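Colleague: Protein sequences, first through last, are from chains A and B. In terms of the entry's author numbering, the first sequence opens at residue 11 and continues consecutively. In terms of the entry's author numbering, the second sequence opens at residue 11 and continues consecutively. Dumping the structure here so I can ask a few things about it.
Protein chains: 2
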Amino acid sequence: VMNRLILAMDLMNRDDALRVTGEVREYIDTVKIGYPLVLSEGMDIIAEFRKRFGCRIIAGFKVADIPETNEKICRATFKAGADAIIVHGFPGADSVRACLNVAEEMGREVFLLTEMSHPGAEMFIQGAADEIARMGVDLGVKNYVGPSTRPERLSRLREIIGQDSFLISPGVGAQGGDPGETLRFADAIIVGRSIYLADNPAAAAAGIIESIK
Amino acid sequence: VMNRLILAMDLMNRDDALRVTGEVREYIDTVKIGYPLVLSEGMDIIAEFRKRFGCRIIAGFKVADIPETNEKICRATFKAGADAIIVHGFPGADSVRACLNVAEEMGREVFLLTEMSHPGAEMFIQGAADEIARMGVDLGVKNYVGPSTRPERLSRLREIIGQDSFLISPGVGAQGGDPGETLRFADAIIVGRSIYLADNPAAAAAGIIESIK
Ligand SMILES: O=c1[nH]c(=O)n([C@@H]2O[C@H](COP(=O)(O)O)[C@@H](O)[C@H]2O)cc1F
Ligand SMILES: O=c1[nH]c(=O)n([C@@H]2O[C@H](COP(=O)(O)O)[C@@H](O)[C@H]2O)cc1F
Ligand SMILES: [Cl-]
Ligand SMILES: [Cl-]
Numbered sequence: 011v012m013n014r015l016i017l018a019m020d021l022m023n024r025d026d027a028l029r030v031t032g033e034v035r036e037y038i039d040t041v042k043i044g045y046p047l048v049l050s051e052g053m054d055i056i057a058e059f060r061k062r063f064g065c066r067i068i069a070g071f072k073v074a075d076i077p078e079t080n081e082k083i084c085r086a087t088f089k090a091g092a093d094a095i096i097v098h099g100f101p102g103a104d105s106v107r108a109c110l111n112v113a114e115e116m117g118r119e120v121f122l123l124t125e126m127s128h129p130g131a132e133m134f135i136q137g138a139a140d141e142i143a144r145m146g147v148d149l150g151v152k153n154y155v156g157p158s159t160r161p162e163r164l165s166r167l168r169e170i171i172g173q174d175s176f177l178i179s180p181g182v183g184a185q186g187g188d189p190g191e192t193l194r195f196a197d198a199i200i201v202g203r204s205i206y207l208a209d210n211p212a213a214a215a216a217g218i219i220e221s222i223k
Numbered sequence: 011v012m013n014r015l016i017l018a019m020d021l022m023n024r025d026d027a028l029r030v031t032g033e034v035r036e037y038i039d040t041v042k043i044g045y046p047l048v049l050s051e052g053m054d055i056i057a058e059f060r061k062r063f064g065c066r067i068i069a070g071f072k073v074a075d076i077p078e079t080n081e082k083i084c085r086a087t088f089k090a091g092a093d094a095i096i097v098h099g100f101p102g103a104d105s106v107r108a109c110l111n112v113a114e115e116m117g118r119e120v121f122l123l124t125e126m127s128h129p130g131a132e133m134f135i136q137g138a139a140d141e142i143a144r145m146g147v148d149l150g151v152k153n154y155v156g157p158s159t160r161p162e163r164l165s166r167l168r169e170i171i172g173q174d175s176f177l178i179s180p181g182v183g184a185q186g187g188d189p190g191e192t193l194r195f196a197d198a199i200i201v202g203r204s205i206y207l208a209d210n211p212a213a214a215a216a217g218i219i220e221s222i223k
């Protein structure tokens, strides 16, 4: 990923989303698009980003349904042009495998979300996170998502998945995570509000990159 | 809910989804629409269902993001016309409260998903389900979702939420759940494939209703 920086584009109207992404297009080649934008503007927005910016698109949908429905969601998402999709690991192995099947069939990628970055993640997710990570490793998952807000947890996740696995991490900036510290373990950081809500998105992105040069 | 029957409309194209729902419109007044249909046809499909069938719409999105993003998803979903939204409880209390805030503001409902119906749910969700249910009760949540595939678990969920709470349950039909048995604890059953994939959807719906007269 260019500059180890993935833009989380969660603005909810096409004009703003496209304008801000355009402002920082020179600093990134990977954008994470989620439900805030997709539900507001439609899935066609994914193709718009790919054509306008030539960027990789990660659908941050965090699929968490039964196997059959997960397959349908992945199919629809990849048909829309997404290069990868984020999947929740908490629902179990069968739900993850359903996504892996579609990804292999269509030549796309699955990112396994192991532990989340918000406070509430401590209640139920954290206690299952290490096992979720091991589940991914046992199934051959190569891409993971871990929390920037809990450095020691992110470090443990890295130990479980190994050096060869790709790890991205949200929670940088607005949620309190530090770019440099997070990159001690993750290969790339996900940054949303710190950039898209900044008075000068380009300056914000450049500042983050400067701090991790 | 009419006939204690909620149609899970997971077909992925407008014509088929509307045609099948029309075939069974006399048997239901509540439809659960999820990502398979919404991502394929756009969120405007919710308003289409409401105007064509005059039915209640439950968005089976099972929101499972951080508080800030959950708020955005709920806002977009309710703006689209959904009467209620299903929210995953595993991400914690703050993520649930974010949804409750928007629902209260817009005069809509939140359904808390405790335990899931598929096999993989046993890995991590099941062990946290009773506590997730208690979390909902402590926050004043009145609508819940529990598994038809595990009758004793559904029974335990009912005991935790009390007789006053509203409980709906998926996993009936295709996943093996029995309509009558499930209704010993749930107030309404969610049925998808057993109806929408049937040779005669109307006959399938009528048959289910007949078995629970
Ligand atoms: O654990 C997680 N934490 C997150 O913050 N996210 C997403 O990353 C993004 C974080 O953006 P921020 O604005 O930089 O906080 C946003 O899209 C979230 O929904 C997902 C996760 F899986
Ligand atoms: O635990 C769950 N099990 C489910 O099956 N579902 C949804 O209910 C529906 C079940 O449909 P079926 O075709 O009757 O199995 C479908 O939309 C699922 O995504 C959600 C859940 F939260
Ligand atoms: Cl995400
Ligand atoms: Cl659902």
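Here a beta-carbon is modelled for each residue, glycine too, at the ideal position from N, C-alpha and C.
Using alpha carbons as the reference points, say which of A/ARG62, A/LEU164 and A/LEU123 lies closest to A/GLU191.
Modeller: Indexing the first sequence from 1 puts residue 191 of chain A at position 181. Answer by Cα proximity: A/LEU164.
Colleague: Report the option in A/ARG144, A/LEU110 and A/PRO157 whose CA atom is closest to the CA atom of B/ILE76.
Modeller: Locating residue 76 of chain B in the second sequence gives position 66, counting from the first residue. Cα-wise, what sits closest to B/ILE76 is A/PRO157.
Colleague: Assuming B/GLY70 and B/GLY44 are in contact, meaning their beta carbons sit under 8 Å apart, how far apart are those beta carbons, in whole angstroms?
Modeller: Working through the second sequence from its first residue, we reach residue 70 of chain B at position 60. Working through the second sequence from its first residue, we reach residue 44 of chain B at position 34. At roughly 4 Å, the Cβ-Cβ gap stays under 8 Å, so B/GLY70 and B/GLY44 are in contact.
Colleague: Out of B/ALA90, B/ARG107 and B/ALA74, point me to the one whose CA is closest to B/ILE55's CA.
Modeller: In the second sequence, counting from the first residue as 1, residue 55 of chain B sits at position 45. Taking only the C-alpha atoms, the option nearest B/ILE55 is B/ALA90.
Colleague: Taking 6 Å as the cut-off, is the beta-carbon of A/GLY150 closer than that to any non-hydrogen atom of ligand 3?
Modeller: As a working note, residue 150 of chain A is residue 140 in the first sequence. No - ligand 3 has no heavy atom lying nearer than 6 Å to the Cβ of A/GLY150.
Colleague: For A/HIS128, which of B/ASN80, B/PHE134 and B/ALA215 has the nearest alpha-carbon?
Modeller: The count along the first sequence starts at 1 and reaches residue 128 of chain A at position 118. It is B/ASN80.
Colleague: Given this structure, state the Cα-to-Cα distance separating B/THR124 from A/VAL97, to the nearest angstrom.
Modeller: For the purposes of this step, residue 124 of chain B is taken as the residue at position 114 of the second sequence. For the purposes of this step, residue 97 of chain A is taken as the residue at position 87 of the first sequence. Using only the alpha carbons, I get a separation of about 19 Å.
Colleague: Is there a Cβ from chain A that is less than 7 Å from the Cβ of B/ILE83?
Modeller: As a position in the second sequence, residue 83 of chain B is number 73, starting the count at 1. True, the Cβ-Cβ gap to chain A drops below 7 Å.
Colleague: Measure the alpha-carbon distance for B/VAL112 versus B/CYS84 and round it to whole angstroms.
Modeller: Start at 1 with the first residue of the second sequence, and residue 112 of chain B comes out as number 102. Start at 1 with the first residue of the second sequence, and residue 84 of chain B comes out as number 74. So the two alpha carbons sit approximately 7 Å from each other.
Colleague: Thinking C-alpha only, which one of A/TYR206, A/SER221 and A/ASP209 is nearest A/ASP188?
Modeller: Working through the first sequence from its first residue, we reach residue 188 of chain A at position 178. Comparing Cα positions, the closest option is A/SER221.
Colleague: Since B/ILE178 and B/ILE200 should fall inside the 8 Å C-beta cutoff, what is the C-beta to C-beta distance between them, to a whole number of angstroms?
Modeller: Here residue 178 of chain B corresponds to residue number 168 of the second sequence, with the count starting at 1. Here residue 200 of chain B corresponds to residue number 190 of the second sequence, with the count starting at 1. Going by Cβ atoms, the distance from B/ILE178 to B/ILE200 rounds to 6 Å, so yes, they are a contact pair.
Colleague: Out of B/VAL11, B/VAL30 and B/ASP26, which one is the CA nearest neighbour of B/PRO211?
Modeller: Start at 1 with the first residue of the second sequence, and residue 211 of chain B comes out as number 201. Among B/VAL11, B/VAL30 and B/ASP26, the Cα nearest to that of B/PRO211 belongs to B/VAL30.
Colleague: What is the DSSP secondary structure of A/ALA57, counted as helix, strand or coil?
Modeller: Indexing the first sequence from 1 puts residue 57 of chain A at position 47. Reduced to three states, the DSSP call for A/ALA57 is helix.
Colleague: Can you give me the start and stop residues for the alpha helix (DSSP H) that A/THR40 sits inside?
Modeller: Within the first sequence, the letter at position 30 stands for residue 40 of chain A. Unbroken run through A/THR40 is the beta strand (DSSP E), 40-43; no alpha helix (DSSP H).
Colleague: Could you tell me the boundaries of the beta strand (DSSP E) in which A/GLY91 lies?
Modeller: Reading the first sequence from its first residue, position 81 is the one you call residue 91 of chain A. Taken as a continuous stretch (DSSP letters only), A/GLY91 belongs to no beta strand (DSSP E), as it is neither H nor E.
Colleague: What in chain A is Cβ-close to B/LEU49, meaning under 8 Å?
Modeller: By one-based count along the second sequence, residue 49 of chain B stands at place 39. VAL48, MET53, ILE83, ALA86, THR87 and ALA90, listed in chain order.
Colleague: Using CA coordinates, which residue listed in B/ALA94, B/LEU49, B/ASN23 and B/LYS82 is at the minimum distance from B/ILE16?
Modeller: Translated into positions along the second sequence, residue 16 of chain B becomes position 6. Ranking the options by Cα distance to B/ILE16, first place goes to B/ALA94.
Colleague: Just mark A/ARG160 as buried or exposed, buried being the case when its beta carbon has 16 or more other beta carbons within 10 Å.
Modeller: Against the first sequence, residue 160 of chain A aligns to sequence position 150. Classification of A/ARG160: buried, given that the 10 Å Cβ count is 16 or more.
Colleague: Taking the DSSP output, what are the residues bridged to residue 7 of chain B?
Modeller: Here chain B comprises residues numbered 11 to 223, so residue 7 of chain B is not present and cannot be evaluated.
Colleague: Hey, would you say the C-beta of A/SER158 is under 6 Å away from at least one heavy atom of ligand 1?
Modeller: What you label residue 158 of chain A is simply residue 148 of the first sequence in a count that begins at 1. No; taking the cut-off as 6 Å, the Cβ of A/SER158 has no heavy atom of ligand 1 nearer than that.
Colleague: Taking only beta carbons into account, state which residues of the segment 157-176 of chain B come closer than 8 Å to chain A, listed in chain order.
Modeller: Residues passing the 8 Å Cβ filter: none.
Colleague: Can you list the residues of chain B that A/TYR45 reaches, using a CB-CB cut of under 7 Å?
Modeller: On the first sequence, residue 45 of chain A is found 35 positions in, with the first residue counted as 1. What A/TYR45 touches in chain B: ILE83.
Colleague: Please classify A/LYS82 as buried or exposed, where buried requires at least 16 neighbouring CB atoms within 10 angstroms.
Modeller: Within the first sequence, the letter at position 72 stands for residue 82 of chain A. It counts as buried.
Colleague: Taking 6 Å as the cut-off, is the CB of A/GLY146 close to at least one heavy atom of ligand 3?
Modeller: In the first sequence, the residue the question calls residue 146 of chain A occupies position 136. No, the beta carbon of A/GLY146 sits no closer than 6 Å to any heavy atom of ligand 3.
Colleague: Quick check on A/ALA213: does DSSP put it in helix, strand or coil?
Modeller: The residue given as residue 213 of chain A occupies position 203 in the first sequence. Helix at A/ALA213.
Colleague: Can you tell me where the beta strand (DSSP E) holding A/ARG66 begins and where it ends?
Modeller: As a first step, residue 66 of chain A is located in the first sequence; it is residue number 56 there, counting from the start. Run containing A/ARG66: 66-73, per the beta strand (DSSP E) assignment.
Colleague: Where do the N-terminal and C-terminal ends of the alpha helix (DSSP H) with B/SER105 fall, by residue?
Modeller: Start at 1 with the first residue of the second sequence, and residue 105 of chain B comes out as number 95. Per DSSP, B/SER105 belongs to the alpha helix (DSSP H) from 103-116.
Colleague: Comparing the CB of A/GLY183 with every heavy atom of ligand 3, is any distance shorter than 6 Å?
Modeller: The residue you call residue 183 of chain A lines up with position 173 of the first sequence. Result no, Cβ not under 6 Å from ligand 3.
Colleague: Could you tell me the distance, in whole angstroms, from the CA atom of B/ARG194 to the CA atom of B/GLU169?
Modeller: Residue mapping note: residue 194 of chain B aligns to position 184 of the second sequence, counting from 1. Residue mapping note: residue 169 of chain B aligns to position 159 of the second sequence, counting from 1. Looking at the two C-alpha atoms, the distance is approximately 12 Å.
Colleague: Compute every distance between the C-beta of B/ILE96 and the non-hydrogen atoms of ligand 4, then say whether any falls below 6 Å.
Modeller: The sequence position of residue 96 of chain B within the second sequence is 86, counting from 1. Checking the Cβ of B/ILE96 against ligand 4 gives yes.
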